[PDB]
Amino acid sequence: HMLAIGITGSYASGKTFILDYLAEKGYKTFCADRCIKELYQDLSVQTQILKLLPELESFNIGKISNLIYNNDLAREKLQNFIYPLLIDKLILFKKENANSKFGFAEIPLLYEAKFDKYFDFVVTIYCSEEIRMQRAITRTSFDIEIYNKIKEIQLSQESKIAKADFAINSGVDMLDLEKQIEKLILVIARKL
């Protein structure tokens, strides 16, 4: 069956870049963050979330983000509701890709704990806090309050490295990052 390789990393460490690169190269990829957004488009999921978090008043992604960064209890309720639905989608991803020897899944931010020990192998992408902050500022979503809350929630890079089978440095130029991804592919292929 398909070996599932999880990709984890702090915010702005380059997870998206690596998953995009692998997809461009034809590898099977599961983008958990985009899957969560698809879950939020499901009217039954919306309805259940509104029953669980009636303080939202309406199903609106911006209001959800605001609430879960402001409120740890709400964030926990939402994560406990979404995580099993996300696992169902990951199971389907593995099933549809059974003739592929391996495939890759982005571990979404703040779900790192929930996904502990889920994957066959884990790759962590790391880089300096200075580079992560620079990257965060260059993105259109930048919000210092949210960035600081993420910096307090998320597991440290050292902890992520400790739980990883492979650790890749994204605090390098993009073309050297791509070379490291190609090295990762070769290492996984020899595990087979």
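All residue numbers are counted from 1 along the displayed sequence.
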*Segment of higher mean CA temperature factor, 125-133 or 147-155*: 147-155
*Which has the higher mean CA temperature factor in the PDB entry, 164-172 or 6-14?*
164-172
*asked:* Maximum C-alpha temperature factor per the entry, among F102, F81, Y111, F93, belongs to which one?
replied: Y111
*asked:* For the CA B factor values reported in this entry, which option in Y27, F30, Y69, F142 has the top one?
replied: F142
*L39, C-alpha B-factor rank within chain (lowest, middle or highest third)*: middle
*Grab the CA temperature factor for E106 from the record and place it in the lowest, middle or highest third of its chain.*
lowest
*Comparing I64 with the other modelled residues of its chain, is its CA B-factor in the lowest, middle or highest third?*
middle
_Please place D116 in the lowest, middle or highest third of its chain according to the CA B-factor in the PDB entry._
highest
